[PDB]
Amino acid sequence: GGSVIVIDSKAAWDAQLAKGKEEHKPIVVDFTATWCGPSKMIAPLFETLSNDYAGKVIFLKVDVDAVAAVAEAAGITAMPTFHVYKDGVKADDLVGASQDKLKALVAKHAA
């Protein structure tokens, strides 16, 4: 899926956040579920932005079915939910399938 990194475990989740802190590059995470309509509708844009901003922003995907513990720790309630992580901690979020809002989120934290 474009440049998006599929997170398959808590261990991979921690390592990616640790690398993003090392490299001083922001991380945008898409918390998804295959039963969620809005999640499937904005996934193509998340993939496109992952290609456009490759080198500036790290893009992760967390399926709440595959890694329930990471979704629980993140406090997810609705989907799609986007989280921005800087230096290991959550710095921003965006809930909903708004296309303009997602483009603005990635642009805000890539500058």
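Residues carry their position along the shown sequence, with the first being 1.
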**Asked** So 38-46 or 51-59, which one's hotter by mean CA B-factor in the entry?
**Response** 51-59
**Request:** Could you check which stretch, 93-101 or 20-28, carries the larger mean CA temperature factor in the entry?
**Result:** 20-28
**Request:** Just say lowest, middle or highest third for the CA B-factor of residue 33 relative to the other modelled residues in its chain.
**Result:** middle
**Request:** Rank-wise, by C-alpha B-factor, drop residue 71 into the lowest, middle or highest third of its chain.
**Result:** lowest
**Request:** Among all modelled residues of this chain, ranked by Cα B factor, put residue 84 in the bottom, middle or top third, i.e. lowest, middle or highest.
**Result:** lowest
